Asks: 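Below is the structure I would like to discuss, written out as structure tokens.
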Amino acid sequence: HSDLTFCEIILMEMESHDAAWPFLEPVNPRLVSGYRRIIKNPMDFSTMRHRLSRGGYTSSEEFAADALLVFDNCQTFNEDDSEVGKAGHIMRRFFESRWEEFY
Ligand SMILES: CCCc1c(C(=O)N2CCC[C@H]([C@H](C)N)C2)[nH]c(C)c1C(C)=O
């Protein structure tokens, strides 16, 4: 699959990016007050990595949905001028541009 070939490329790039540090594992709701209540569908790169390694994606659109969810969740919970928020903006611009550079 050439669709699954690119998400693999773009995920590897997001995983190693400098600004990826808030998105490499799930947010622990025990550690973050309010997170369970505000964020209905948590998402992160390791979860996307797991879903890829298992064959859980069918189309690249499903992959795109999960990527965008990471950044929608980031902007729903974090302030744009917060440390995690700034990192999410850098990561979201990277994803959007890289995704468009292919499709
Ligand atoms: C208060 C900010 C919490 C947060 C992180 C975050 O700090 N992590 C990600 C998981 C563990 C990482 C650790 C340093 N290894 C750090 N990431 C996100 C998306 C959030 C939020 C609330 O949206």
Side-chain angles (χ1 to χ4, degrees):
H1 214 160
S2 50
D3 284 8
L4 265 9
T5 291
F6 195 78
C7 324
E8 176 54 63
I9 286 145
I10 184 169
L11 185 48
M12 177 221 75
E13 271 164 328
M14 292 191 286
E15 280 175 328
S16 56
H17 200 293
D18 270 347
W21 62 271
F23 311 110
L24 299 174
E25 65 183 272
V27 166
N28 189 337
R30 299 168 162 172
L31 306 180
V32 182
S33 166
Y35 196 84
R36 182 190 312 278
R37 164 177 51 90
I38 289 161
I39 297 292
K40 309 291 179 237
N41 312 115
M43 194 40 63
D44 66 276
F45 296 153
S46 74
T47 305
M48 294 164 67
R49 164 65 57 199
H50 181 280
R51 187 164 171 198
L52 214 46
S53 307
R54 178 180 40 92
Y57 290 110
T58 76
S59 70
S60 57
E61 286 100 19
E62 279 181 340
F63 185 91
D66 271 355
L68 296 176
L69 179 53
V70 178
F71 312 118
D72 291 331
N73 288 344
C74 180
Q75 295 173 85
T76 294
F77 191 91
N78 306 277
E79 300 280 357
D80 304 315
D81 64 327
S82 82
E83 205 49 63
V84 162
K86 296 186 251 173
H89 282 317
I90 294 173
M91 282 310 310
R92 177 192 44 80
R93 289 188 296 257
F94 178 76
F95 174 84
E96 287 183 354
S97 76
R98 198 67 160 80
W99 189 262
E100 290 154 8
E101 256 160 12
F102 194 71
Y103 305 93

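The residues of the chain are indexed from 1 along the displayed sequence. Just so it is clear, the values below take in all heavy atoms, side chains as well, and ignore hydrogens, waters and symmetry mates.
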Asks: Which atom names give the shortest non-hydrogen contact between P26 and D44, and what distance separates them?
Replies: CG-OD1, 3.6 Å
Asks: What do you reckon, is NE2 of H50 surrounded by more than 12 foreign heavy atoms closer than 6.0 Å?
Replies: no
Asks: Look at atom CZ of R30 and say whether more than 12 heavy atoms of other residues, nucleotides or ligands are closer to it than 6.0 Å.
Replies: no
Asks: Show the nearest heavy-atom pair for residues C74 and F23, with the distance to one decimal.
Replies: SG-CZ, 3.8 Å
Asks: Measure across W21 and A87 and return the closest heavy-atom pair with its distance rounded to 0.1 Å.
Replies: NE1-CB, 3.8 Å
Asks: Rounded to the nearest 0.5 Å, what's the gap from CG on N28 to CZ on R36? Could you check?
Replies: 8.5 Å
Asks: Taking only residues two or more places apart in sequence, or in another chain, which ones meet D18 in a side chain to side chain contact (heavy atoms under 4.5 Å, CB included)?
Replies: none
Asks: Verify the cluster assignment for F71 and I39: are they in a single hydrophobic cluster under the rule of side-chain heavy atoms below 4.5 Å apart?
Replies: no
Asks: Between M14 and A20, which heavy-atom pair has the shortest distance, and what is it?
Replies: O-CB, 3.0 Å
Asks: Using modelled atom types only, decide if a donor and an acceptor are shared between the side chain of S97 and the backbone of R93 within a distance under 3.5 Å.
Replies: yes
Asks: Drop me the distance from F95's CZ to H17's NE2, to the nearest 0.5 angstrom.
Replies: 13.0 Å
Asks: Grab the two heavy atoms, one from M48 and one from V70, that are nearest each other, plus how far apart they are.
Replies: SD-CG2, 4.1 Å
Asks: Per the side-chain hydrogen bond (donor to acceptor under 3.5 Å, both in side chains) rule, what does the pair list look like for residues 62-79, sequence neighbours excluded?
Replies: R51-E62, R51-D66, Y57-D66, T58-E62
Asks: Looking at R98 and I9, what are the two nearest heavy atoms and their distance?
Replies: NH2-CG2, 3.8 Å
Asks: Can you tell if the side chain of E8 reaches within under 4.5 Å of the side chain of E13, non-hydrogen atoms only?
Replies: no
Asks: Using the rule that two of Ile, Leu, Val, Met, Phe, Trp, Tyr join whenever any of their side-chain heavy atoms come within less than 4.5 Å, decide whether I90 and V84 are in one cluster.
Replies: no
Asks: Side chains of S60 and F6: does their closest heavy-atom pair fall under 4.5 Å?
Replies: no
Asks: Please check if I38 and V32 belong to a single hydrophobic cluster, counting links between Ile, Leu, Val, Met, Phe, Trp and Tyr side chain heavy atoms closer than 4.5 Å.
Replies: yes
Asks: Tell me whether the rings of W99 and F63 are parallel (<30°), tilted (30 to 60°) or perpendicular (>60°).
Replies: parallel
Asks: Can you get from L31 to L24 by hopping between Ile, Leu, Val, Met, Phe, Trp and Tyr side chains that sit under 4.5 Å apart?
Replies: no
Asks: Strictly by ring pair (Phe, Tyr, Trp, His ring centres under 6.0 Å), give each pair with a member in residues 24-43 just once, sequence neighbours left out.
Replies: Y35-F77
Asks: Report the distance from atom NZ of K86 to atom CG of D80, rounding to the nearest 0.5 Å.
Replies: 11.0 Å
